[PDB]
Amino acid sequence: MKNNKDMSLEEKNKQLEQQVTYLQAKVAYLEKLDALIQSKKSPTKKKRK
C-alpha cells in the first residue's frame, strides 16, 4: 500500500543481479519507508573526523 508519504514503496526499483542484492536489505527499509537506507543504514567506511 502506497504510504501516505510522497516517495511510495512501489516507487522502488529492480535490476537483474541487484534484484536480490537490495531485495535482501531493502526489504527492511522499503518495508515501510521506501527503496533507500532509512531504518538500518549499512555501515559506512572509516569516516575521517
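Per the deposited record, the coordinates in this entry were obtained by solution NMR.

(A) Fine view of the overall build of the chain. Scanning the chain for helices and strands turns up one helix and zero strands. In terms of its C-alpha atoms, the chain occupies a principal-axis envelope of roughly 40 × 25 × 15 Å. Each of the 49 residues in the chain was classed as buried or not, and the buried ones make up 14%. Here the chain has roughly 4,900 Å² of accessible surface; of this, 53% comes from carbon and sulfur atoms. Distance between charge centres in the chain, computed from 13 positive and 6 negative side chains, equals 13 Å.

(B) How the structure looks around helix α1 (residues 18-29). For α1, spanning twelve residues, the distance from its first C-alpha to its last is 16 Å, which sits close to the expected 16 Å at 1.5 Å a residue. When α1 is considered as a whole, its buried residues turn out to be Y22, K26 and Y29. When α1 is viewed along its axis, its buried side chains cluster within an angular range of 20 degrees and face the same direction. In α1, the exposed positions that point more than 90 degrees away from the buried face belong to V20 and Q24.

(C) View of the environment of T21. Relative to the helices and strands, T21 is located in helix α1. For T21, the side chain forms a polar contact with the main-chain oxygen of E17, separated by 3.3 Å.

Scoring rules and cut-offs
- Residues numbered from 1 in each chain as written, not as in the entry; some residues may be left out.
- Heavy atoms only, no water.
- Helix = DSSP H or I, 4+ residues; strand = E, 2+ residues; numbered from the N terminus.
- Buried < 20%, exposed > 50% of the residue type's maximum accessible area, 1.4 Å probe, protein only.
- Areas by Shrake-Rupley, 256 points an atom, 1.4 Å probe, with all protein chains shown as cover.
- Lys, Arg positive; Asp, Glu negative; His and termini not counted.
- Charge placed at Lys NZ, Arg CZ, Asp CG, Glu CD.
- Expected span 1.5 Å × (residues − 1).
- Arc of directions from axis to C-beta.
- Polar contact = N/O pair within 3.5 Å; in protein donor to acceptor, adjacent residues only side chain to side chain.

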